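See structure below.
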Amino acid sequence: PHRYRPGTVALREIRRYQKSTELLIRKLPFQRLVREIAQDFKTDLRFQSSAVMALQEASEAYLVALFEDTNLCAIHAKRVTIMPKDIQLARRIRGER
Amino acid sequence: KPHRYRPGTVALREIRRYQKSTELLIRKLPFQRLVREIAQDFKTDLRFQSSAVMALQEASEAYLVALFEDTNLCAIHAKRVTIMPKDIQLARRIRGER
Amino acid sequence: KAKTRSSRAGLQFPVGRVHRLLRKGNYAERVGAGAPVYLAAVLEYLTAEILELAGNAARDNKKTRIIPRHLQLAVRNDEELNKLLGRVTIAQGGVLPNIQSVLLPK
Amino acid sequence: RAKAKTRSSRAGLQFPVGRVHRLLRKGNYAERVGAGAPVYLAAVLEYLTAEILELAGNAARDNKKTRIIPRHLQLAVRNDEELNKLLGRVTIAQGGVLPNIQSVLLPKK
Amino acid sequence: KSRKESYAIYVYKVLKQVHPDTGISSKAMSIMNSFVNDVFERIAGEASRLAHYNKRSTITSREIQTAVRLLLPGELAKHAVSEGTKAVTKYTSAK
Amino acid sequence: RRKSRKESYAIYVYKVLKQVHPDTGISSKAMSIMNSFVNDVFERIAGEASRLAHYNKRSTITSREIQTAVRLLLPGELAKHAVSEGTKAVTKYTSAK
Amino acid sequence: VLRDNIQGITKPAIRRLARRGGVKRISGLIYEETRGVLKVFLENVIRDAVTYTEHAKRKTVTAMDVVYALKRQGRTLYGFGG
Amino acid sequence: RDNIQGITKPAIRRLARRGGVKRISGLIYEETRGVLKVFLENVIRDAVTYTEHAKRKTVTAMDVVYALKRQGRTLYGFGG
DNA sequence: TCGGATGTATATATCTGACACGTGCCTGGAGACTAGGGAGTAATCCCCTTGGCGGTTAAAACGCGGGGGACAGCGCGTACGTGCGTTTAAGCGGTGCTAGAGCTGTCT
DNA sequence: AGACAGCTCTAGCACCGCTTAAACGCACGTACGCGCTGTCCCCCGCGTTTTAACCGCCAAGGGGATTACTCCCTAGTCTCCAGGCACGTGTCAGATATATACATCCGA
């Protein structure tokens with residue numbers, strides 16, 4: 001049947017996910033991850049639904065911003081594919097490493 | 001044939017020298033006049049403490065040095081040795097200066 | 001007759017609250033009477049600029065209610081509010097629609 | 001009058017507890033400043049001072065020098081993973097930078 | 001006390017003056033409330049720096065005007081200073 | 001006229017230096033940097049201690065506010081050592097005469 | 001006991017974030033790289049948030065704890081209180 | 001005026017060399033001057049602003065330190 | 001080329017629970033007055049900053065050769081995108097409980 | 001502002017059933033990483049030139065720091081009352097559902 005060529009659905013997805021603000025990570029898996037990490041610092045912690053949302057909003061914004069910076073340095077290397085070294089470079093240039 | 005160091009061999013030595021030393025690399029007089037030239041655009045007849053011009057030079061040189069490191073990192077990332085203007089702009093953009 | 005300091009200054013923002021907050025925020029042991037009036041005027045001005053750009057974005061999007069998307073679009077589109085709020089993340093704001101020319105088809 | 005002894009000596013500290021206590025009250029960081037705050041803060045400041053001075057003195061001895069200079073302070077701060085993170089946004093005058101060359105820059109055949 | 005302090009009324013009134021036909025969502029309203037609180041802390045914070053750097057024990061229009069010029073960009077600063085000086089002018093002259 | 005006194009931690013940085021390296025000296029430039037560092041760290045810990053007191057609507061900065069500011073500002077091992085030193089100092093200060 | 005929940009952040013979820021970020025093509029290596037980055041980011045933000053929670057002697061992580069943590073790290077979040 | 005061009009090409013090179021750069025394209029100099037010019041403008045404008053608030057006519061080292069402190073980079077070694 | 005697939009934006013109608021309006025009321029804003037010391041004003045000084053001359057001599061500028069590294073063009077292969085059927089548990093609604101957030105009062 | 005006792009009653013955690021979209025494993029193609037090659041330009045290294053940064057010494061004057069004096073401006077306390085803030089309410093905006101245009105891309 002009809003098939004979209006590579007990159008067509010990616011551009012469409014970029015437009016769709018940029019035109020939309022909803023959270024892209026599943027709420028329940030992220031909530032479990034937050035709890036798993038939080039238990040390392042202090043056990044039996046409880047998280048307000050607003051607190052988990054705050055972490056997800058920040059995490060999605062942080063990663064989206066990081067992917068923007070990563071995309072910029074990927075284009076600089078004359079690549080469209082982002083590589084782990086691109087994330088590592090951006091994080092080092094950003095000063096967070 | 002006169003003995004000549006191969007391109008970059010003296011640069012590799014210059015890097016060690018300047019990284020080993022800590023003196024300021026911009027001449028005090030050109031920098032001092034540049035500070036007053038820019039300051040004149042904000043307020044006329046300004047005076048600068050001798051140490052104030054030094055503070056601006058220390059920060060300016062440390063900033064450019066730190067910028068060149070980040071610039072070199074992104075130049076190496078592009079599989080290049082020579083740093084180009086787009087490398088500076090990229091480092092400044094990723095650093096959040098624009 | 002008692003008339004609010006906000007109306008005297010020609011401002012909507014609560015000069016009394018701004019004065020209260022400055023007095024309670026321990027920014028100094030004393031707060032001059034002109035400080036909250038000046039501060040309230042700046043806060044009201046920034047609020048008007050933000051809402052004006054947000055309302056214009058809402059109208060462009062044929063919406064009549066400002067939602068976080070409009071605030072984000074306004075803040076990031078204005079070359080000076082973006083710089084003021086460069087370190088700010090807006091919940092449910094998303095990002096500016098932008099794809100680099102190199103990524104677009106030939 | 002009772003024997004006068006400094007608060008720092010009671011805490012086993014060299015740093016001035018009185019100066020830290022006064023600076024906290026004069027800086028208006030809070031409406032009130034508890035007696036434990038300057039003692040705890042002075043201890044942290046003294047420990048961090050010893051931490052940097054020890055690493056700086058080591059760097060000085062490693063450089064065969066008898067006095068710690070800005071260079072030794074910069075090397076001590078940037079060589080320690082945690083001090084480098086604590087002072088990442090800090091620039092030290094006359095300190096220079098760490099001797100650093102990337103492997104791709106080193107000479108080859 | 002349980003009382004909640006927010007700029008809901010003031011943001012709405014300014015919105016009515018800027019766009020009487022336009023409303024604002026409770027989510028966008030909470031953002032604006034946090035934005036006002038954040039900018040207020042920045043200007044008040046910088047104003048505290050200026051007072052302390054000049055060992056002054058009070059916050060006046062000069063500290064605010066300077067803090068605004070430091071924190072706000074060029075055009076925002078010029079307009080904010082204009083609005084601030086105008087508001088203080090009317091406030092002082094109106095008695 | 002006579003020059004006014006300018007207070008600095010010079011004598012304290014030197015006394016601590018004599019403890020870590022009795023034979024090592026310190027130049028005036030390095031002393032100025034150490035004084036700058038002490039004042040910078042002081043303002044940062046005190047600045048975070050203010051935020052903590054304010055967030056909890058407290059009017060008094062206590063050891064708990066300082067300890068929390070230290071844990072937040074200082075990295076992991078530095079925080080542990082600093083907390084231990086601060087705790088030892090405060091405990092010995094309170095128990096001593 | 002919660003364990004290995006980092007793998008709960010599906011590859012399509014990372015893809016969507018990258019798509020919102022304008023990423024056109026994502027290397028298969030990015031997925032594990034992104035999880036490690038996010039794991040560090042969340043550890044830093046949660047450590048600070050839990051620190052505020054512990055200082056308040058609370059057992060429930062309040063939304064303000066996350067906002068203050070994000071503020072301290074220079075990534076302040078608007079929309080969850082003042 | 002020419003004072004922007006007064007920061008000599010070798011001075012830029014020395015900074016780049018201290019920064020670990022091994023090779024420098026001829027266009028880095030003009031770009032570096034612009035980058036420095038905007039950096040100095042942001043720091044001087046704040047220092048001048050701190051000076052004006054003090055009603056002083058000379059920019060002290062503290063005025064530059066506070067300008068940097070606000071600019072987000074702290075400079076050690078000048079007191080205060 | 002190119003026409004057909006076929007997702008996203010838009011237009012239509014219904015809906016609905018969100019926010020905009022209406023209300024009660026009390027506590028936080030405004031008004032009045034004081035104390036008082038912080039802040040402004042004035043005179044003074046002096047020092048360090050700005051300005052100038054001399055000169056020399058380190059550093060910068062300029063010219064040149066060439067080689068090495070930036071980058072155009074290329075091949076390819078394997079990794080990643082996309083499509084499909086599978087199936088999985090997140091999302092949704094419902095029910096349970098009681099930890100512990102939030103508050104008051106004491107109170108000390 | 002916390003030790004202690006107690007109340008509320010919120011809402012976070014605990015749990016099941018059902019839905020079905022999101023996640024998943026796998027098929028499979030050609031888009032795209034990059035290794036390799038060619039090349040030329042433009043950047044390094046040095047001789048050579050020169051200029052202006054640098055040192056050192058002196059002028060001077062002005063503005064910064066200082067002391068002396070003052071008072072008017074703000075914090076504290078008191079008075080007051082209607083502005084703003086939980087509650088009540090409903091209606092109409094854009095979510096949701098449905099239909100259908102059109103722009104954008106693919107197989108021919």
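Just remember, in the structure tokens the first chain shown is A, the second B, etc., residues are 1-based per chain, and ligands are 1-based in the order shown.
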
Chain H contacts to chain B at 8 Å (only C-alpha atoms) as a PyMOL selection string: chain H and resi 1+3-4+6-8+11-12+14-25+27-28+31-32+36+39-41+44-45+48+57-65+75+78

Check: which chain C residues lie within 7 Å of chain E using only C-alpha atoms, as a ChimeraX atom specification: /C:8-10,12-13,27-32,34-35,37-39,41-43,45,48,51-52,55,64-68,80,84

Can you write out the residues you just picked, keeping C-alpha atoms, as a CSV table (one decimal), in the first residue's frame?
chain,number,residue,atom,x,y,z
C,8,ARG,CA,-3.6,58.5,43.0
C,9,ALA,CA,-0.7,57.2,41.0
C,10,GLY,CA,-3.0,56.3,38.1
C,12,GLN,CA,-4.3,49.4,38.9
C,13,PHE,CA,-1.7,47.4,40.7
C,27,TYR,CA,15.1,44.1,51.0
C,28,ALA,CA,16.0,46.9,53.3
C,29,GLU,CA,15.1,48.2,56.8
C,30,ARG,CA,13.4,51.2,55.2
C,31,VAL,CA,11.3,51.6,52.0
C,32,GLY,CA,10.8,55.0,50.4
C,34,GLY,CA,8.2,56.4,45.9
C,35,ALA,CA,9.6,52.9,45.6
C,37,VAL,CA,4.7,53.6,43.3
C,38,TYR,CA,7.6,53.2,40.9
C,39,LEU,CA,7.7,49.4,41.2
C,41,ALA,CA,4.1,51.2,37.6
C,42,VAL,CA,6.8,48.9,36.2
C,43,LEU,CA,4.9,45.7,37.1
C,45,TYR,CA,3.6,48.1,32.4
C,48,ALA,CA,0.2,45.2,30.0
C,51,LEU,CA,-1.1,40.6,28.0
C,52,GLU,CA,-1.2,42.8,24.9
C,55,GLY,CA,-4.2,38.9,23.4
C,64,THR,CA,-10.9,34.9,22.9
C,65,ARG,CA,-9.3,33.5,26.0
C,66,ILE,CA,-5.6,33.7,26.8
C,67,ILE,CA,-4.1,30.2,27.4
C,68,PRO,CA,-0.5,29.3,28.3
C,80,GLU,CA,13.1,41.8,24.7
C,84,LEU,CA,14.0,38.9,30.3

For chain F, which residues have at least one atom within 6 Å of chain D, if we go by only C-alpha atoms? Write them as a CSV table (one decimal) with C-alpha atoms, in the first residue's frame, please.
chain,number,residue,atom,x,y,z
F,12,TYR,CA,42.1,34.0,59.4
F,20,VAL,CA,47.4,23.0,56.6
F,24,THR,CA,53.8,27.7,53.0
F,25,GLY,CA,53.1,31.4,52.5
F,26,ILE,CA,50.5,33.3,50.5
F,27,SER,CA,50.9,36.3,48.2
F,30,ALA,CA,46.2,35.1,46.5
F,50,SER,CA,17.3,33.5,53.6
F,59,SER,CA,11.9,34.9,60.6
F,60,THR,CA,15.0,33.3,62.2
F,61,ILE,CA,17.9,31.7,60.3
F,62,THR,CA,19.1,28.8,62.4
F,63,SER,CA,21.6,26.0,62.0
F,75,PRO,CA,28.5,19.2,46.2
F,82,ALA,CA,31.1,20.6,55.7
F,86,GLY,CA,29.6,22.4,61.2
F,89,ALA,CA,31.7,22.8,65.8
F,93,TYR,CA,30.4,25.0,71.0

Distance table requested - chain C against chain A, cut-off 10 Å, only C-alpha atoms: one row per qualifying residue with the closest atom pair and its distance in Å to one decimal, ordered by chain and rising residue number, as CSV.
residue,atom,partner,partner_atom,distance
C:68,CA,A:21,CA,9.1
C:69,CA,A:21,CA,7.4
C:89,CA,A:61,CA,7.1
C:90,CA,A:57,CA,8.5
C:91,CA,A:57,CA,6.1
C:92,CA,A:21,CA,5.3
C:93,CA,A:21,CA,6.0
C:94,CA,A:21,CA,4.6
C:95,CA,A:18,CA,6.1
C:96,CA,A:18,CA,7.0
C:97,CA,A:18,CA,5.6
C:98,CA,A:18,CA,8.0
C:99,CA,A:14,CA,8.0
C:100,CA,A:72,CA,8.9
C:102,CA,A:75,CA,7.7
C:103,CA,A:80,CA,7.1
C:104,CA,A:11,CA,7.7
C:105,CA,A:7,CA,8.6

Just the selected residues (C-alpha atoms), exported as a CSV table (one decimal), in the first residue's frame, please.
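This went into part-v4.csv:
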chain,number,residue,atom,x,y,z
C,68,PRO,CA,-0.5,29.3,28.3
C,69,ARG,CA,0.3,28.8,24.6
C,89,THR,CA,9.9,27.7,31.6
C,90,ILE,CA,6.2,28.2,31.1
C,91,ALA,CA,4.0,25.2,31.9
C,92,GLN,CA,2.0,23.9,29.0
C,93,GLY,CA,3.7,26.5,26.9
C,94,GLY,CA,5.4,24.3,24.4
C,95,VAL,CA,7.9,25.8,21.9
C,96,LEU,CA,7.9,28.2,19.0
C,97,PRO,CA,7.0,26.5,15.7
C,98,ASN,CA,10.4,26.4,14.0
C,99,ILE,CA,12.2,23.9,11.7
C,100,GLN,CA,15.7,24.6,10.5
C,102,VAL,CA,18.5,22.3,6.5
C,103,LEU,CA,15.9,19.8,7.8
C,104,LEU,CA,13.3,20.8,5.3
C,105,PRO,CA,13.0,18.9,2.0

Surrounding residues of segment 92-101 of chain J excluding itself and chain neighbours under 6 positions, 10 Å, only C-alpha atoms (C1' of nucleotides), as a ChimeraX atom specification: /C:63-65 /I:9-16,18

Straight-line distance linking atom CA of residue 87 of chain C with atom CA of residue 42 of chain E, stated in Å to one decimal: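 Atom CA of residue 42 of chain E lies at a distance of 12.6 Å from atom CA of residue 87 of chain C.
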
Those in segment 17-86 of chain F with helix (DSSP H, G or I) from DSSP, as a ChimeraX atom specification: /F:17-20,28-55,63-73,76-86
